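Take a look at this single chain in structure tokens; it is the form deposited in one PDB entry.
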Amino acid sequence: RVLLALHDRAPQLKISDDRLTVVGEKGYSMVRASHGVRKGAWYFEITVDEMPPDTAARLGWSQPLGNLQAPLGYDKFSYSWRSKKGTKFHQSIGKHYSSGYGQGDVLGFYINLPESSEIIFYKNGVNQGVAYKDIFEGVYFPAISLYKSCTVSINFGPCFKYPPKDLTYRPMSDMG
């Protein structure tokens, strides 16, 4: 099955035995999923189980060289969506994108890598707009980065809580 990675993870992240739930610890650190995609359209979900005061998350997609001891979006290897204010980040540049998200929200993550490349984020099933287009070529892994002790849970499919209207994709679980 697709799961949060066993070794490809910042050691200070507290990952559950089932390897779908992760709690952050102190400054931003990151964990990638066990499987990544090079071509096609793919989708997964992340639920914010708990977001205490002064905690945050940057969620999205990472190539294998994205720095695990930095937020997602820190370098050229990843693209991320920040809980606080809905900012999107890439190479440590945050730009206007959506409204924030928080405790109880179910976030959706779409990427399309055709053999025109695109990353789109969803909030409780609703398209938040194209965040990045014509991204770097390579293998992209679902990825989670957390600031302090918030808790999120990832769902790779087959069944999503809020499957998007009129969007063609395969669930990340198909890579299993």
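Start at 1 and count along the sequence shown; that's the residue number.
Not pictured, yet referred to below: the form solved in complex with a partner chain.
> Would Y28 count as touching its partner chain in the deposited bound form under a 4.5 Å heavy atom rule?
Yes.
> Though only this chain appears here, would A41 touch its partner chain in the deposited bound form if you measure heavy atom gaps against 4.5 Å?
It does not: once its partner chain is placed as it appears in the deposited bound form, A41 has no heavy atom within 4.5 Å of it.
> Is there a non-hydrogen atom of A70 within 4.5 angstroms of a non-hydrogen atom of its partner chain in the deposited bound form?
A70: yes, in contact with its partner chain in the deposited bound form.
> So in the deposited bound form, does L113 come within 4.5 Å of its partner chain, heavy atom to heavy atom?
No, no contact at 4.5 Å.
> What I'd like checked is whether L107, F121 and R170 together line its partner chain in the deposited bound form, meaning each has a non-hydrogen atom within 4.5 Å of it.
No, the whole trio is out of contact, none within 4.5 Å by any heavy atom.
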